[PDB]
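Novice: Take this structure first; my questions come after.
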Amino acid sequence: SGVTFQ
Amino acid sequence: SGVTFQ
Amino acid sequence: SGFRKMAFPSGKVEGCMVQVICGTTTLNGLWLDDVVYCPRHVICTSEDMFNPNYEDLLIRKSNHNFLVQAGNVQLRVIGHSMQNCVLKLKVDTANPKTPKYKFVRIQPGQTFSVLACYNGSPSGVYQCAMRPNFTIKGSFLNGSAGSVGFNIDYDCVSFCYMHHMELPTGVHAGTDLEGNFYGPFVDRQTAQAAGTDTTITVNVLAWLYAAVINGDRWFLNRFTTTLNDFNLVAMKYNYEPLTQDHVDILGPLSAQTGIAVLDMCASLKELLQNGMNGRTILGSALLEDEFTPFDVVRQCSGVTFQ
Amino acid sequence: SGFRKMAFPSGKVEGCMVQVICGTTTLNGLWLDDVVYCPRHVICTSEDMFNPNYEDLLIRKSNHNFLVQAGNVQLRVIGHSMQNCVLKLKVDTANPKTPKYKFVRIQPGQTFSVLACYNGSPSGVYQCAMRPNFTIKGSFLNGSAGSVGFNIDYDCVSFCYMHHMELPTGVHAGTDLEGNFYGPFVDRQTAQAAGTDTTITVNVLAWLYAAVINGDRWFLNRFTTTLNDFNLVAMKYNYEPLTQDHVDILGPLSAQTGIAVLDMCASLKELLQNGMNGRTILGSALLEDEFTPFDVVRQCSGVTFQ
């Protein structure tokens, strides 16, 4: 699980 | 049943 | 990621909405260049809507009977005519906010954004589809006639719907921007039969592709069906027939996901026959049919406008 | 009649959207008066997003490192600062399209319209809610950060969300327009626990009132429950507690339909315990919780804006 910058 | 103008 | 019922940005249309008052009737008009388009029943009276004779009603009007308000400025009507079920009110001022635009008459199954308006002022925006029975499942109150439906491509607004009236089942009927009704309806306050509606098969398939793109895969299977065999199932569940043209339109989504169209048809058959078994697809427990293949590509690829 | 997921008209916000480029990173900014607001991770590099030190990264930038494009005109950046997780880029030109606006930090359960943008250009508009776990179930791709969420009241745009990032479950996280995240999230590309979400009870009740207003009544019953007894059922089904303030907020819809709030709570309890038995409510087979009481009144009464 990793947050992804958009 | 009746059509209603809007 | 994510998949939402997505409307087009409405600003280009907002700048075209005006108020039209005739007698005691208020509704909306669409102001493009020096013409305001609006539903012709604005010229009716309360006791003459069972079968109005619109040619007579319009002969009895003058330019000054039409009050047109654009925000805080009143526009002077300098001419009026009838085209099918819309009125064209020529005004002495061209709309300085007129976008690049076209008028299009859409096919059943195509979607569009609605800018719902009252008193010439925008209230909200939502997406809907032309149903196979040529009604739309809108959200419309008295005074909303003249609200328009549209699509945008780059900088060009394609107007495809102008709202007129509500059927007793609570669904909606209206015209193209030339004033031709969608479906068999006429602008009379009478009982009017709407066809039995059906589900838009190619759109359901598009939305199943959107689900796959977004990581919902539980409904996929190893089977493939034939077009003829699938259409037998579609007819049993009140789904529209799938044509080869539909299969070709689904080409891009099939190529991106690697799932052949007839492979996804086998999933849809299983869903129709066995249901969802308590699961959901893109947040829905029903099979959604108001996204076109283009809608899916548009939203999953980030297409913008002008 | 009808009830749709309805967004606010987006034109006032469209005129505020710009493109911000720093290095090889492109996202959107919000241009109000002579300031452009955008997510601060625009100043990150590809190998330094596990734990960027934003103070260092910003000290190393100059005004000319920020390219700001408003349609076809480039804006000159004449100052830059950081406020929490947003950047404020002062430009030499005030936005001539700046609407009346406010910045608001919303509570969980409140809804807003999102204008999804890429390269400073609007792509589409949709409605969503601040979830109880402070995520939003949006539709966002790479490049959409800086898109904003908003509500409108008359002529005033209340901005409440600026998009930053996507969690591994496919839901979205972002800030108020002062740069404070909603929820526990931080702008790091790390594993971050989202709370278990719950269903927004007061909104489900609002939507059941919308159903009644629209003629769906099959779920009504003659029973009334107590607040305490209903909240026992809510907790079992992962619904938020209903407070007396919620009961008071539902006042207008209760008065219009003549159905007391605790009477509608008895319907909701039955729906939770027994399901829908193959029926639908406003076209949905699930209980919908992203309409507030105000959303229902807004759409069922035809409120317009400026």
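Each answer follows from the model by the rule given with it, or from the source it names; no laboratory read-out is quoted. Neighbour counts run over all protein chains shown; Cβ positions are idealised from the backbone, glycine included.
Novice: Given D:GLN107, D:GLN74, D:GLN83, which one is among the polar types (S, T, N, Q), outside the structural domain of D:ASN28 (by TED's automatic domain parsing) and surrounded by fewer than 17 Cβ atoms within 10 Å (Cβ to Cβ)?
Specialist: D:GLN107
Novice: Return the total of residues in the range C:289-304 being surrounded by 19 or more Cβ atoms within 10 Å (Cβ to Cβ) and among the hydrophobic types (A, V, I, L, M, F, W, C).
Specialist: Adding up the residues that qualify gives 3.
Novice: Looking at the range D:1-50, what strands (runs of 3 or more DSSP E) fall wholly within it and have at least 2 residues that are facing another protein chain (nearest Cβ under 10 Å) and within 25 Å of D:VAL73 (Cβ to Cβ)?
Specialist: D:25-32
Novice: Let me ask another. Can you tell me which residues in the range C:1-47 are without any contact (Cβ under 8 Å) to a residue 24 or more places away in the chain, touching a helix residue (DSSP H, G or I) at 6+ places or on another chain (Cβ under 6 Å) and closer than 30 Å to C:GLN189 by Cα?
Specialist: C:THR25
Novice: Looking only at the range C:163-175, decide whether some residue is within 30 Å of C:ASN238 (Cβ to Cβ), touching a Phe, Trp or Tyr at 6+ places or on another chain (Cβ under 7 Å) and assigned to a loop (DSSP other than H, G, I, E, B).
Specialist: No; the residues of the range C:163-175 include none that is within 30 Å of C:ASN238 (Cβ to Cβ), touching a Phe, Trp or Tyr at 6+ places or on another chain (Cβ under 7 Å) and assigned to a loop (DSSP other than H, G, I, E, B).
Novice: While we're on this one: Please state which of the following conditions C:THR199 fails to meet, knowing it meets all the rest: (1) out of contact with any strand residue (DSSP E or B) (no Cβ under 9 Å at 6 or more places or on another chain); (2) under 24 Å from C:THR243 (Cβ atoms); (3) of a type in the set (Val, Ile, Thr).
Specialist: Only one criterion in (1) out of contact with any strand residue (DSSP E or B) (no Cβ under 9 Å at 6 or more places or on another chain); (2) under 24 Å from C:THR243 (Cβ atoms); (3) of a type in the set (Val, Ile, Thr) is unmet by C:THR199, namely (1).
Novice: Residues to consider are D:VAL86, D:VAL148; find the one that is touching a residue at least 12 places away in the same chain (Cβ under 8 Å) and either closer than 30 Å to C:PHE294 by Cβ or within 10 Å of chain C (Cβ to nearest Cβ) (or both).
Specialist: Going through D:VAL86, D:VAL148 in turn, just one is touching a residue at least 12 places away in the same chain (Cβ under 8 Å) and either closer than 30 Å to C:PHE294 by Cβ or within 10 Å of chain C (Cβ to nearest Cβ) (or both): D:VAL148.
Novice: Can you tell me which condition C:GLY251 does not meet? The list is (1) under 16 Å from C:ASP295 (Cα atoms); (2) within 21 Å of the chain's Cα centre (by Cα), and all the others hold.
Specialist: All conditions are met except number (2).
Novice: Okay, next question. What number of residues in the range C:157-173 are in contact (Cβ under 8 Å) with a residue 12 or more places away in the chain and either in contact with a helix residue (DSSP H, G or I) (Cβ under 9 Å, 6 or more places away or on another chain) or at positive phi (or both)?
Specialist: Number satisfying all stated conditions: 4.
Novice: Looking at C:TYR118 and the list (1) touching a residue at least 24 places away in the same chain (Cβ under 8 Å); (2) touching a strand residue (DSSP E or B) at 6+ places or on another chain (Cβ under 7 Å); (3) within 14 Å of chain D (Cβ to nearest Cβ); (4) of a type outside the set (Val, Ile, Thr), which single condition is not satisfied?
Specialist: C:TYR118 satisfies all of (1) touching a residue at least 24 places away in the same chain (Cβ under 8 Å); (2) touching a strand residue (DSSP E or B) at 6+ places or on another chain (Cβ under 7 Å); (3) within 14 Å of chain D (Cβ to nearest Cβ); (4) of a type outside the set (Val, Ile, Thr) except (2).
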